[PDB]
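Novice: So I pulled this structure from the PDB, and the sequence comes with it:
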Amino acid sequence: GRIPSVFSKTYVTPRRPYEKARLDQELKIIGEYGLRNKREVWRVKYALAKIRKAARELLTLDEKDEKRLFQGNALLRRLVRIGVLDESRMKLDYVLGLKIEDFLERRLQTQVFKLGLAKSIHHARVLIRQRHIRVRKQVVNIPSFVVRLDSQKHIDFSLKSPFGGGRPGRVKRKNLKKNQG
Amino acid sequence: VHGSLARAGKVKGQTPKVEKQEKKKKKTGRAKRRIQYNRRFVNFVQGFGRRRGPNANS
Amino acid sequence: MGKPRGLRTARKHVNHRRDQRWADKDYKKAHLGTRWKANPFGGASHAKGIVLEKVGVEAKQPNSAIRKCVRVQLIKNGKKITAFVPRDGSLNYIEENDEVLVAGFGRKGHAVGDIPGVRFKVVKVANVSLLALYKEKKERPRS
Amino acid sequence: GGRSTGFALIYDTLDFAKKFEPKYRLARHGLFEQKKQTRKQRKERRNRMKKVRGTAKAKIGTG
RNA sequence: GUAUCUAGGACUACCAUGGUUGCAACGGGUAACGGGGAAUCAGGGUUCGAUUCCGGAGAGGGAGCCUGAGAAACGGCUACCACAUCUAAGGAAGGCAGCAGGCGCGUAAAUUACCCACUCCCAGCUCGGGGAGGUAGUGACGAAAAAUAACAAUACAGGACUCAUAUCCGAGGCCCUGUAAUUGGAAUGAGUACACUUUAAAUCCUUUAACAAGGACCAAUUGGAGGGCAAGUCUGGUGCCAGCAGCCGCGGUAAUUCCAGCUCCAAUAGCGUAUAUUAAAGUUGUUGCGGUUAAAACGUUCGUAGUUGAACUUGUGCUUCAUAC
């Protein structure tokens, strides 16, 4: 037991499989955010549905009661924390028009790409597996670290990484023992 | 009627039976997503085709 | 013209539901308790049966086709079962009187194709994965 | 690396450490490793115990 | 009044002639332990919920009962009954729905493991003990995470670009873009194994010295591809044959559905089968349909139980202020 594991299951299905009008639109998301498969396209769509209908359940209530502020602002606290929500869109009627791509801009795969460490959208997403990425104490293998807005000033390479110069091959350092030897 | 059930799989008895044996084993799925634009961008300029099909051989 | 919108009426108003549950003829499929009666293998998913004989069925008109069908007996309830084999050939993959697993036929219980009186489709024979035998993934045990 | 949080149980002295001393935890630097049972034969041995009265000296040949 | 720890038709005796019901009572029936609860969308839900939590129950079929505060106890006993134990034939023993095993059975399910460090408990008890409880081997039932390469010019084709020239036309082409078993640069960590760590001890995860790719390796598929429903009127074969196929229908000699190859697609470590279930389904409906005829008003009128019921039954004001302005 006890409490085995809560479901919280992602990989939300499409209600119609072979629509061309969604078929072209998903690959434009991969055309910029070159993700692993279509399930991760659901995964951020899975996320905003928690943001969509729950905030929509606030809108049917009136000003001014507690939960439209209490659950209201604490959403907006976290929504401006993650960095998709600016200061001009403060009220709850300004948050439902948030598109899916703003969360995609905050992704660790492309935040290192819009920063000058990666210089390509496919040279970006391969470095996270080999762990040449550090945030202030910690290296992260996970490409889905998706960063809060305060964590923009600190994202860079690792110290144990070959950049900037820790075991710089190290397989290439054995390679000079092969061709020169 | 149960007269004769002999020729069951007759077209499996008249096969030419040619194989594949070749053609450059594919890449992984994210790399499979990468090629889906070079055949989709400029080739594929979408001019006046007058009722044309995308995956036509000839 | 009818329907009972009185407020204090609810004691009428769920008796008058259940009195008309078995009108909807696709809702006695479990409610009357007949799944142990005549779904001819007993209300489970599939059936570990035994092959009886290869029968000479004919397809429905206007389609003179011979689906080369089989006869099955079951060890669960012991009745006579008429099944059907896909993927032409495989009568040389039957090897009659074998412990066979048999699933349904994909209409929730009716005659589907041109094939009358056969409410099943085989998926397994002899515990050795009938499907992958045409593509020769698994080696078929002969004896 | 560079981040390994653990714990430390700084006793006042050695004999007061000998008062609490969680032995299966102390055994990482244990100076005291005795009494391997090993928890399987003992209940079998105690099963042999319940049919012998007074002496409890018929348990030699069974180990 | 008896018993019972105590209410009491609990139960004896004496007495009365009653409790109950169309507001579905008593009767049977269920592949029905209740419940906290579980899965799907816009609500209203209909399905279920054996199964870690809680509560009520049983230790083969049933039934009595000792001891104790506390069982009608079964890892206590007794009977009989069932099915099986041993015996020198006189006797004695038996319940794994405790754990791990087999056997049978059926579509249908794990090591004859280790440990009391955790959590609780046991008592005379800090100390003893507990297949409780913990860990491991088992496990594509699941849920979460995420490797299959990344980068370079030439290249080879398309385009912008400069420009000749323009119903034509090429070059400076080329950030780009592809194909390149062309060439690489080789970026690397799974595997890999010191030591380490975590552990009762051990593994495994993290850390990690030594290892580690020109792919043929360190190699992903499974299913399709007539319409539904996404994408070859490609080829060979075949000739209403074999088949295909949820349905619509394709095969009857120049096949877009069959068998192969070809390419194309799908989702991707997952795809498929069948089987029940909800959604789609406003085709179980109060919200939310239908009754002329497409399925459909008792032929009839009264008529209780039903169920729904008119109206009428203490207030606008009057003056002022907080108060909008």
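Specialist: All right, it came through fine. Residues are numbered from 1 along each chain as shown, chains lettered A, B, ... in the order given.

Novice: for residue C:64, what are its contacts?
Specialist: Residue C:64 sits next to residue C:58 when contact means C-beta atoms under 8 Å, 6 or more residues apart in numbering or on different chains. For every residue, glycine as well, the C-beta is placed using N, CA and C.

Novice: how about it, phi and psi?
Specialist: Note on residue C:64: backbone dihedrals following degrees, to the nearest 10 are phi -80, psi 80.

Novice: roughly how far apart are it and chain A?
Specialist: Separation of residue C:64 from chain A (C-beta to the nearest C-beta, to the nearest Å) stands at 35 Å.

Novice: export stretch A:131-145 as PDB, just CAs?
Specialist: Output in PDB follows, covering the C-alpha atoms of stretch A:131-145 (Å, rounded to 0.1, in the frame of the first residue of the first chain):
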ATOM      1  CA  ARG A 131      25.100  16.600 -18.600                       C
ATOM      2  CA  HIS A 132      27.300  19.600 -19.700                       C
ATOM      3  CA  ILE A 133      24.800  22.000 -18.100                       C
ATOM      4  CA  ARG A 134      25.000  23.500 -14.600                       C
ATOM      5  CA  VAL A 135      22.600  25.700 -12.500                       C
ATOM      6  CA  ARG A 136      24.600  27.100  -9.500                       C
ATOM      7  CA  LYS A 137      25.300  23.800  -7.800                       C
ATOM      8  CA  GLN A 138      23.600  21.100  -9.800                       C
ATOM      9  CA  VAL A 139      24.000  19.400 -13.200                       C
ATOM     10  CA  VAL A 140      20.700  18.300 -14.800                       C
ATOM     11  CA  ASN A 141      20.200  15.300 -17.100                       C
ATOM     12  CA  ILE A 142      16.500  16.300 -17.500                       C
ATOM     13  CA  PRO A 143      15.700  18.500 -20.500                       C
ATOM     14  CA  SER A 144      12.300  19.300 -18.900                       C
ATOM     15  CA  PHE A 145      13.700  21.400 -16.000                       C
END
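
Novice: Remind me what the helix or strand that contains residue C:48 packs against, helices and strands.
Specialist: Using DSSP states H and E, residue C:48 falls within strand C:47-55. The criterion is 3 or more C-beta pairs under 8 Å, 6 or more residues apart in numbering or on different chains; DSSP states H and E, and the helices and strands that strand C:47-55 contacts are strand C:69-74, strand C:80-83, strand C:99-103.

Novice: run the last query once more with 7 Å
Specialist: Helices and strands touching strand C:47-55, as assessed by 3 or more C-beta pairs under 7 Å, 6 or more residues apart in numbering or on different chains; DSSP states H and E, comprise strand C:69-74, strand C:99-103.

Novice: Adjacent strands (with direction) for that strand?
Specialist: Here strand C:47-55 is paired, per DSSP bridges, with strand C:69-74 (antiparallel), strand C:99-103 (antiparallel).

Novice: still on that earlier bit, for residue A:103, find the nearest of the helices and strands packed on strand C:47-55.
Specialist: Distance to residue A:103, taken as C-beta to C-beta, is lowest for strand C:99-103 among these, at 43.8 Å.

Novice: what's next to the closest one, contact-wise?
Specialist: Counting by C-beta atoms under 7 Å, 6 or more residues apart in numbering or on different chains, strand C:99-103 makes contact with C:46-51, C:72, C:83, C:120-127, all of which sit outside it.

Novice: any idea which of those residues is the one closest to residue A:11?
Specialist: Proximity of those to residue A:11 (C-beta to C-beta) peaks at residue C:123, which lies at 26.7 Å.

Novice: To what extent is whichever residue of chain D sits closest to chain B buried, counted in neighbours?
Specialist: Nearest residue of chain D to chain B (C-beta to the nearest C-beta) works out as residue D:1 at 29.8 Å. Residue D:1: 6 surrounding residues under other C-beta atoms under 10 Å in any protein chain shown.

Novice: Could you report the distance from it to chain A?
Specialist: Distance from residue D:1 to chain A, by C-beta to the nearest C-beta: 8 Å.

Novice: Among the contacts of strand C:99-103, name the buried ones.
Specialist: C:47, C:49, C:51, C:72, C:83, C:120-122, C:124-126 (16 or more other C-beta atoms under 10 Å in any protein chain shown).

Novice: Could I get the residues you listed in TSV, plus columns for distance to RNA strand E?
Specialist: Below are the buried ones among the contacts of strand C:99-103 laid out as TSV (distance: C-beta to the nearest atom of the strand, whole Å):
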residue	distance to RNA strand E
C:47	5
C:49	7
C:51	14
C:72	12
C:83	12
C:120	8
C:121	6
C:122	9
C:124	9
C:125	13
C:126	13
